[PDB]
Ligand code: NI
Ligand code: NI
Ligand code: NI
Ligand code: NI
Ligand code: NI
Ligand code: NI
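Protein chains in written order, with the entry's author numbering: chain H, 1 to 569; chain N, 1 to 569; chain R, 115 to 456; chain M, 1 to 238; chain A, 1 to 238.
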């Protein structure tokens, strides 16, 4: 029995229970809630340290011996913020807890046994979160995938065939042959992938064929015609096949207004993209659907957080993508009904209130694929600066707000697209898609990505250097990124129907192929920490937003965190 | 929001948090520690009740829909004493918790979803424990298996070939051909089965062949010659194959005394049968090994609890099985050195102290296969009557003592024989071997046995009666006991080596075949609630037993609970 | 020829094996009991002594169907299993049929609502399987006419149509006159005796855990038993309104007494009303055929197996029962199962 | 003899009861099994004699064993003895309720309860609705039925009951006699509020938009107390 | 009742004994089955009464049947009746030894033996060795144990006992009480004289060359009475 000062203990093994750590350069403070360690029995790797033959590596290991163990990791998950060791076996998370050798240490369970087959990854002073999930990908260029990978995203869900004009507008992979093209192209990449089909048709047979061809759901986009008939048919087919539907509603109100669209949805599960409407949607009041029980409301990162440069940038961006002219009054009228700084301001507060549940990209289609996580944490920091600490906090920390915002890109999109049994959280039994963060760089620049239980990307110095640290340091592909190893580390998500018909063997796919499930029986109440339903009213004239009778707004930010301190460009 | 009196609430749904229930006719009091239910959302089956289409059975179930759910069950396990719903899917325990329909109820997770494919089993007012595990079976007659089944035992581990004299003495199935005989006979029965080989040889090749032929371990019995050479060889082979060794030591001290046997064991894992020594063992001091770290000490039920009739009964039983004569002084000297009411008295207290960790039978070989659980709870009741409530209790209950004694026949034998990843406890992921008890009959007569997730045995009235309750009521085979269903509900445990060589396909076995694992790296510290190591001294003259310098003894009981109140014979 | 075995039947009666279509598979010991009474086919549902089975003849879901189908390999009995019809999910209904069930049971304990009835009938029409119903005694979602509206003129097999075994209080028995209904009765109510009413009252108080000091439980019990409908049921059997006799085994019914109580009802009706007017001669041949059809050919037609079993006809399965006339209807001589003595 | 399995079981039961009666004659206090068997065998013999009705036997089964004739704890374990016996009019079930009275202190399985009440449906506000049964048949409604879709013969302000259930103990029920009028408490349905079945009046997400569709469907199908405004505007999916 | 298979078996046994007692009352001389069952049923009933201990029942089982109550030959066939009965303190085994005395001449299976003795281990010369148990625990040695490798607490001239066993009847044993001193006879082990096991002191062919290795191993492991000369020369395989 010896006494150790908290300072040297934290320097050796990381923060322990009751300690607090700042996240990046923000004002969000994370407090360690619990510790799974036995004081005096910590796992350390190095010369003369504990992780050695006969001390912490067992000479008589259990049969569930780990392949990889992450020691002294601070886990930031929606299930809690705590210190533990993470054991990885066969691409899954095998255990969370103490970890070590049962011959020499007390509290070691068989699923956390370190033996001669175990690799050691030091996590002391580091944060472990689940890999991010981006559910609004326009597959416009393959170069988006490495960019999203380097920011902490491990699953991309969306649609497209490339730089075609249909893809530049829509997240749609249309038809069986184009699905086959994209599924065979997917074998290249270090990313979990799933593809959305075209929902914009009234032909049930055409809808069903795309699902059986491997798509995990439908996208309904106004550029292919978002009409109530197509919405109704697509929802009927999706209910028969248990796949998700995403919608980009009619901004022009051509076939009807927002209530007509809700009537076409008819109380069935729907995932709405850019619900605030700058990215498209019933002008000016698409944002009202974010209070409905059957809606899963997502936002795209270009509108968060609301800043002084946001409105002009979005205006000029809209004038370019739609080829509008400033000398035409009708184009101006369209643009003014579309941007609405009022709804953009309201969107940040709705994220703080838990009304919006998912953050996404809309990549290269008015969105930045490498900035979903960064803009989510910028929004959290701005909201804490404006509204102060949340009232759901328990202690001098921001743990509740941290969980609320972390769920927006990890667990809620996974639940929304029926993959939350594989990815989305640091839980035992799930796929080992993990991101290592140093707290000083949290939310902007990760340390390394573990994909399928193996290291796939990391910061790395020059190959000729005597150690891995010296400059230049940038993100480089690791061994799970190469050869036949990438087939074991990566998943292609398909529908249950396509999986049952042997889509993997028919198309000769070497990646893991998994079916999505539980997409039709979820509501807004199934989103973690973002399950607030409310009556949202939008003023047709002033465009003001009222939630439960009270006006909701935020003020723009002239400076954000996690932006110019961390990037050269 | 309505108020419900505790009395009517408990009558409708069973005891809730803070309530206490008597176990059988004993003095042991169990307190419900926690409840997983949402008050007002309980699952009830019947006419006009909740478990109906659209209310608690989902019309849009998750894909992990349960096959069977047990509602409002009081779980008594080593992991705790609490109220929950148990969901069973595909022969495993799929979930423990709330259970119900996510469309109409708040706290329902996907693994506890009740849908149209779910069968309902009411557990309100009932106790659920894991199936018992008996690890000292002499396979003398097949009729032992139904007898142990009706008492709450779901796994039998032992050896034998039938009523042969070698089996009447030893739990040994000797050699590959006899192993094949017993493995093919096992296809008949509703019981998990595993067989021990002959360890009494100095030939390593002969030892290895038996393990590769399907045995899960060795028995070393003095009737085949318990010599240090055979012990050493058997332990070496077992360490190479990761199987357990059980030992019945030399009562005659022919090749050496108890310390010579411990020297032959050489600090390796060993499971000792009838460690107190009435069933055999170094006279008079075999009981001292129960304090060693590498020993897993078990007791047989004929010596517990110690009663006024115990000594004379054991004396006369010994005179019969060994064909001794009362007119021969050497036979008397052997008998007196063997029985020792002092060690028998000490054995009960050692069970109370956690020194002894496993209770077993020694069936039809001085032991009663249908009385392991009953005599365990009789011993617990006697110890509470004599020594009062344990000092490790937290509250006006006996929860700690209940867990300590329940571990002796559920989880500790499973850990000892390397099957604690399949059976031994009510935990998610484990095999659904469950026993339903009404608290008035707890520990003596169960309600029904669930085997492999299906009902295999239950109390049942006459087949021609209008309801299942009327007389005569006795234990009858259910549907999991018959046809090809019994092959899905039952496991034959084998060694990892035999499993890898396709023992199932070679012998044409239709039962599930599973390998034992983690047998060599466990010590006395791996027993739940029974991990007390101590220096045990036995007086060579007075046969008194001292633990850590203090004399340990118990007084005999002239009357026990759970005996004449519950049985006609 | 030389390959023929001889069985003497002089002075003996040969009937077809009985068919019991209301089995609660609560205990396997029911099967030998029904076998020894002359029943050779049992149709019903259940998984064992679970509370859902103690109430309903339902084998719910693919996995439980697989359990029971593999257990069935043990027994000397023709077996078929009913699935859960109490759902509004068409995919869940269809999966159970494709998993081996021969039909659906709709039971009020799982919720007999018009929506579930409508969906189950739609799926059954798509798969050509029978539907059996135990209607809502509490009139919770509607009365008997609402249930008939949900049935919408489609084929339905009603269990214990007189209603002591469950059903719209007090007028479920009216559906026994409809063209699309196959009305069955359970043996505890036939024949009507002096001990019937008190026995059924006390049985109801036990299975539903009712209390005599609660007026609402008494009101439920009185609306349920109705000695009037029980008395009417015997005459409706004599008139040919009721068409099937069954058991409701260990769920207020006796699996070894279907045939015996059928012939007791026939004997009581002949004692009260005399010889039927459809007789041709100084015999009871017409009445004998009418009552014999109630447990042999009519249930076989109802559950779509009347091309295999149900009658002594050339081409059919040799499920035959040998009776000595002195013991006819209570204790048979031998059972021939699949053309061999069982 | 042509004995059936039932006859063999009943013969075994009769001789178990005979053993119990012999032991009672010897002065031994009977245990649980002996008491149960003695009651059952007495009922079977009485029914064979054919001089008593089943109700008489139900009452007579309670006088066979005085409390002093059984062991401590026996009386509290025998709630009810059921036995099927063959009378001259056939097989009837005879059940004896609480045949023996308790005289000792031993209660196997005794429940020690906290005296605090349980608060069910906490956080749910209850509204009160007056309901009348204008039909001629009794109606009983369970705790988790969607009260908007109850029997159309019940009359009440259905609009106020949409998305609600009875605020009573789970698995209990409220009865409505013909002509009976009473008020009940309704709480909001929890979870995802996805109402499927019950009359097929909603079969979708419960909300204000679907309440109009439900009210219109209820009015078209004659559910009493339904007041959905005329000039109803249909949606694309109804 | 929840009867177990054991309870059904014991009920059958009780009524077999009842039949035996009825026949004995009628004056019939009991046969083997009837006598066994009568004794067993009496013991079970006495244990149920709870007024006697198991030892009392073991003595009482011998007074139930006089020799004149059974058929000729019965007494010599019943060596011991064992029966498990439930006392107030639980289940105990009661065995009655020679319950009935022989009175006739009929002996089923009677053995007619030659009066000549059997000479065992013929052709084997026996040596005599004095052995003392200096330990505090009893030691018992069987007929075919390699006497060189007995418990190290026994003290005797081990060199003279190498390759030998006790010259006693096969399957019998010699006991050594703590402090006891006695002489025993040892004969040479037969067959191939390949000694494996027993303490791992030889584990090879027995001969003069291996006796030196065995003596050295015994001395190193503290076997009393072992005098192997110092300056031991090891071989290439030890
Ligand atoms: Ni869009
Ligand atoms: Ni987009
Ligand atoms: Ni033993
Ligand atoms: Ni043994
Ligand atoms: Ni029914
Ligand atoms: Ni029924």
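Ideal placement from N, C-alpha and C gives every residue a C-beta, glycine not left out.
Flag residue 30 of chain H as yes when its Cβ comes closer than 6 Å to any non-hydrogen atom of ligand 4, and as no otherwise.
-> Working through the first chain from its first residue, we reach residue 30 of chain H at position 30. Residue side-chain check: residue 30 of chain H keeps its Cβ at 6 Å or more from all non-hydrogen atoms of ligand 4.
**Study point:** Beta carbon nearer than 6 Å to a non-hydrogen atom of ligand 1
**Key:** Those residues, listed in chain order, are H:248, H:273, H:274, H:279 and H:280.
Query - Residue(s) in a DSSP beta bridge with residue 154 of chain A - result: The residue given as residue 154 of chain A occupies position 154 in the fifth chain. Residue 154 of chain A pairs with A:133.
Requested in this report: Would you please verify whether the beta carbon of residue 412 of chain H is less than 7 Å from any beta carbon of chain N?
Outcome: What you label residue 412 of chain H is simply residue 412 of the first chain in a count that begins at 1. Answer no: the Cβ-Cβ gap between residue 412 of chain H and chain N never drops below 7 Å.
Is there a Cβ of chain M sitting closer than 7 Å to that of residue 147 of chain N, yes or no?
Counting from 1 along the second chain, the entry for residue 147 of chain N is found at position 147. At a cut-off of 7 Å, the C-beta of residue 147 of chain N has no neighbouring C-beta in chain M.
Along the chain, which unbroken stretches of the beta strand (DSSP E) at least 3 residues long are found entirely within the stretch 476-502 of chain H?
The stretch 476-502 of chain H contains these whole beta strand (DSSP E) runs: 491-494.
- Item | Beta-carbon proximity check, residue 412 of chain H vs residue 357 of chain H, cutoff 7 Å | Along the first chain, one-based indexing puts residue 412 of chain H at 412. Along the first chain, one-based indexing puts residue 357 of chain H at 357. Result yes, Cβ atoms of residue 412 of chain H and residue 357 of chain H sit closer than 7 Å.
Note down the Cα distance separating residue 268 of chain R from residue 294 of chain R, rounded to an integer number of angstroms. For this step, residue 268 of chain R is matched to residue 154 along the third chain. For this step, residue 294 of chain R is matched to residue 180 along the third chain. Their Cα atoms are separated by approximately 6 Å.
| Could one say the Cβ of residue 373 of chain R lies closer than 7 Å to chain N's Cβ atoms, at least one of them? | Within the third chain, residue 373 of chain R is the residue found at index 259, counting from 1. For residue 373 of chain R, the answer is no, since every Cβ of chain N falls outside 7 Å of its Cβ.
| query | If you follow the beta strand (DSSP E) that residue 434 of chain R is part of, which residue opens it and which one closes it? | reply | In the third chain, the residue the question calls residue 434 of chain R occupies position 320. Segment 434-437, the beta strand (DSSP E) holding residue 434 of chain R.
* Asked: Is any heavy atom of ligand 6 found at a distance shorter than 6 Å from the C-beta of residue 362 of chain R?
  -> Stepping through the third chain from its first residue, residue 362 of chain R is reached at position 248. Ligand 6 has a heavy atom closer than 6 Å to the beta-carbon of residue 362 of chain R.
Note to self: Quick check on DSSP: helix, strand or coil for residue 248 of chain R?
What the structure shows: Position 134 of the third chain holds residue 248 of chain R. Secondary structure of residue 248 of chain R (DSSP, three-state): strand.
Margin query: Nearer than 6 Å: is that true of the beta carbon of residue 171 of chain R relative to any heavy atom of ligand 6?
Written below: Your numbering for residue 171 of chain R matches position 57 in the third chain. Yes, the Cβ of residue 171 of chain R comes within 6 Å of a heavy atom of ligand 6.
query = Does the beta-carbon of residue 162 of chain M have 16 or more other beta-carbons within 10 angstroms, so that it is buried, or is it exposed?
reply = Position 162 of the fourth chain, counted from the start, is the residue given in the question as residue 162 of chain M. Under this definition residue 162 of chain M is a buried residue.
> So, using beta-carbon positions, are residue 218 of chain H and residue 457 of chain H closer together than 7 Å?
Replying inline: The sequence position of residue 218 of chain H within the first chain is 218, counting from 1. The sequence position of residue 457 of chain H within the first chain is 457, counting from 1. No, the Cβ-Cβ distance between residue 218 of chain H and residue 457 of chain H is not below 7 Å.
**OP:** Taking all protein chains shown into account, decide if residue 486 of chain N is buried (16 or more other Cβ within 10 angstroms of its Cβ) or exposed.
**Re:** Translated into positions along the second chain, residue 486 of chain N becomes position 486. Buried: at least 16 other Cβ atoms inside 10 Å.
Could you tell me the alpha carbon to alpha carbon distance between residue 344 of chain N and residue 336 of chain N, rounded to whole angstroms? For the purposes of this step, residue 344 of chain N is taken as residue 344 along the second chain, with counting starting at 1. For the purposes of this step, residue 336 of chain N is taken as residue 336 along the second chain, with counting starting at 1. The alpha-carbon atoms of residue 344 of chain N and residue 336 of chain N are separated by roughly 13 Å.
**Prompt:** What are the start and end residues of each continuous beta strand (DSSP E) run of 3 or more residues lying completely inside the stretch 68-138 of chain A, in chain order?
**Reply:** The qualifying runs are 80-87, 90-97 and 127-133.
Measuring CA to CA, which of H:45, H:525 and H:425 is closest to residue 93 of chain H? Taking the first chain and counting its residues from 1, the one referred to as residue 93 of chain H is at position 93. It is H:425.
key: Contacting residues, own chain, Cβ-Cβ under 8 Å from residue 542 of chain H (five flanking each side not counted)   = Taking the first residue of the first chain as 1, we reach residue 542 of chain H at position 542. Non-local C-beta neighbours of residue 542 of chain H in its own chain, meaning closer than 8 Å and more than five positions away in sequence, comprise 342, ordered along the chain.
- By the criterion of Cβ-Cβ separation under 7 Å, what are the contact partners of residue 192 of chain M in chain R? The count along the fourth chain starts at 1 and reaches residue 192 of chain M at position 192. Identification of chain R residues near residue 192 of chain M by a Cβ-Cβ cut-off of 7 Å yields none; the smallest Cβ-Cβ distance measures about 15 Å.
Q.
For ligand 2, is there any heavy atom lying closer than 6 Å to the beta carbon of residue 365 of chain H?
A. As a first step, residue 365 of chain H is located in the first chain; it is residue number 365 there, counting from the start. In this structure, residue 365 of chain H has its CB closer than 6 Å to one or more heavy atoms of ligand 2.
So, does the stretch 388-407 of chain H touch the stretch 104-116 of chain H, judging by three or more C-beta pairs under 8 Å?
A contact between stretches requires three or more CB pairs, one per stretch, nearer than 8 Å, and the stretch 388-407 of chain H fails this requirement with the stretch 104-116 of chain H.
From the DSSP secondary-structure annotation, give me the bridge partner or partners of residue 84 of chain H. Here residue 84 of chain H is taken as the residue at index 84 of the first chain, counted from 1. As a beta-bridge residue in DSSP terms, residue 84 of chain H pairs with H:73.
My guess is that residue 190 of chain N and residue 481 of chain N are in contact by the Cβ rule of under 8 Å, so how many angstroms apart are they, rounded?
As a working note, residue 190 of chain N is residue 190 in the second chain. As a working note, residue 481 of chain N is residue 481 in the second chain. Residue 190 of chain N to residue 481 of chain N, Cβ: 5 Å. Contact.
**Prompt:** In chain N, what lies closer than 7 Å to residue 573 of chain H by C-beta?
**Reply:** The structure shown has nothing for residue 573 of chain H, since chain H only spans 1 to 569.
Item to check | Contacts that residue 472 of chain N makes with chain A (C-beta to C-beta distance below 9 Å) | outcome: Here residue 472 of chain N is taken as the residue at index 472 of the second chain, counted from 1. Per Cβ cutoff of 9 Å: 1 and 3.
Q: Sort M:4, M:97 and M:184 by Cα distance to residue 56 of chain M and report the nearest one.
A: Stepping through the fourth chain from its first residue, residue 56 of chain M is reached at position 56. The candidate whose alpha carbon is nearest that of residue 56 of chain M is M:97.
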